[PDB]
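Next up: just one chain, as structure tokens, the form deposited in one PDB entry.
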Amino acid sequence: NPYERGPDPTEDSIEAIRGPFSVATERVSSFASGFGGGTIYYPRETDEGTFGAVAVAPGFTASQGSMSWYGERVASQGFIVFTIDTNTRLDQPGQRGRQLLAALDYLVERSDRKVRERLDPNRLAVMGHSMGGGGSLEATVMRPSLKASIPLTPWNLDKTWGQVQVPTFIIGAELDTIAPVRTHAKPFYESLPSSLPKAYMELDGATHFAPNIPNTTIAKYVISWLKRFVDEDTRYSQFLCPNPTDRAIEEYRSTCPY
């Protein structure tokens, strides 16, 4: 596997705040076409080759700042990470899906050459919080060539996702009162085809804003999911299959093995 980056992982290394790669940023103006601009986090070291990318959307009335902590934490594991702003704070999940795709296309077609020359444009993913998590789902239906999708305490009025053909990792918050897991996250997960590589992780005692706060449980499995599906890196299969049983996890569902 030519997409492998970084030293062989361990239980500790996937929990590390700072991964093996150093991180730089490039700022993208709000005048970008199709989305609200944002921040690109990328690995500085190039000697191991080019990297896949993940676009990251915030939720209803939230801004890119609610998702900033994913930038360095994930990019330092060898990913290009684009935390975006949406056109307006009131945009719906379908719009956020389009804007995730516009952000990824910006990376491929228009971003600074320091980013573009580090990018593998065929290996792209989406992630998002709340309505942005609904947007993660929407994006995969709009573009099945995506490698991975991580809806974080997702919110969406459409409850059926049987058309999704992109490996999808849904994270739920047990006590989420804004996108209740019983009417959003779990219906979404169960609607995904049983043949799709997929997973559900519910955080014990967490509220809607757990993904907006540095969370080692979220980070270690976000990292593992992107490694396994953006890089096809089966060194990380060990952490996803069988179901993780971290004390922090209320419930976990999966279609392991992948």
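The term rigid core refers to the most C-alpha atoms you can superpose between the two forms while keeping them within 1.5 Å. Note that residue numbering follows the sequence shown and begins at 1.
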Segment of higher mean CA temperature factor, 220 to 228 or 38 to 46: 38 to 46
Which wins on mean Cα temperature factor, 25 to 33 or 192 to 200? 25 to 33
So among 111, 99, 168, 156, who wins on Cα B-factor in the entry? 111
Reading the B-factor column of the entry, which of 87, 130, 83, 149 has the highest value at its C-alpha atom? 87
Ranking every modelled residue in this chain by its Cα temperature factor as given in the entry, which third contains residue 205? highest
Where does residue 91 sit by CA temperature factor within its chain: lowest, middle or highest third? highest
Residue 179, C-alpha B-factor rank within chain (lowest, middle or highest third): middle
Thinking about Cα B factors across the chain, which third does residue 75 belong to? lowest
Lowest, middle or highest third: which one holds residue 66 when the chain's residues are ordered by CA B-factor from the entry? middle
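The discussion below concerns the form deposited in another entry, not included here.
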Identify which of 65, 49, 214, 193 has its C-alpha displaced by 2 Å or more between this form and the one not shown once the rigid core is superposed. 65
Verify the C-alpha shift of residue 122 between this form and the one not shown: is it 2 Å or more after superposing the core? no
For residue 153, does the CA position differ by 2 Å or more between this form and the one not shown when the superposition is done on the rigid core? no
Checking residue 86 here: with the core superposed, does its CA move 2 Å or more between this form and the one not shown? yes
Note whether the distance between the C-alpha atoms of residue 145 and residue 62 decreases (closer) or increases (farther) in the other form, against the displayed form; the change is 3 Å or more. farther
Where do residue 31 and residue 106 end up in the other form, Cα atoms closer or farther than shown, with a change of 3 Å or more? closer
